[PDB]
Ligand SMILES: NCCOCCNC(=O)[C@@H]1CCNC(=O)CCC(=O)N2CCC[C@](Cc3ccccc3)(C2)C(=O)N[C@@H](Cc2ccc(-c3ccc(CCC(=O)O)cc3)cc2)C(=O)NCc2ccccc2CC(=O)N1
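Only one chain is included here, represented as structure tokens and corresponding to the form solved without the named molecule.
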């Protein structure tokens, strides 16, 4: 009864792809959910609005969240530069899983990915913290702009984001 809903409105070269709505599993990972929630509202003075999907690999995942460097090197959490792996209770079960990117154990900041396949080799290494409620079609559009190196063929921008409930 207390899982937040947040949204990302996404454009590719200025054309609207639509809205991704995410349920954040605060019932399982409240600290990880709270970090992402506040980065969507921007209430700490920084967050995801105007950042990009900077690494998109077809048949794998769409990665975003580096709102400082727009390239995978940056981002930060609301708690500090990084925060621990809360738990690995939720698993990478299939497309639409929302999970934290990282740089090894206990290095969560703000970068995240949405899976487009079951990525079960990431279980126990990346903290799953939500899923797509609405807009998997938008995720599939983002995925279509990826490449095997992760370089996107269009500039994929989160033009708006926030908390719905």
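Superpose the two forms; the largest set of C-alphas matching within 1.5 Å is the rigid core. Numbering follows the first chain given and starts at 1.
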property: More variable segment, 10-18 or 138-146 [Cα RMS over structures in 9 other deposited structures of this protein, core-superposed]; result: 10-18
property: Per the entry, higher mean C-alpha B factor between 132-140 and 107-115; result: 132-140
property: Within-chain third of residue 65 by Cα B-factor, per the entry; result: lowest
property: Ranked against its chain, the third holding the CA B-factor of residue 31; result: middle
property: For residue 89, the third of its chain into which the C-alpha B factor falls; result: highest
property: CA B-factor placement of residue 6, once the chain's modelled residues are sorted into thirds; result: lowest
property: Among modelled residues of the same chain, the CA temperature factor third for residue 156; result: middle
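Separately, the form deposited with the named molecule bound exists; it is not shown, and the next lines address it.
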{"item": "Result of superposing the named molecule in the entry with it bound onto shown chain, 2.4 Å backbone or C-beta criterion", "value": "blocked"}
{"item": "Close approach of residue 55 to the named molecule in the entry with it bound, 4.5 Å, heavy atom", "value": "yes"}
{"item": "Distance check, residue 40 to the named molecule in the entry with it bound, heavy atom within 4.5 Å", "value": "no"}
{"item": "The named molecule contact in the entry with it bound: residue 84, any heavy atom under 4.5 Å", "value": "no"}
{"item": "Residue 109, heavy atom within 4.5 angstroms of the named molecule in the entry with it bound", "value": "yes"}
{"item": "Stretch 89-124: residues contacting the named molecule in the entry with it bound, 4.5 Å heavy atom cut-off", "value": "101, 102, 103, 107, 108, 109, 111, 113, 121, 122"}
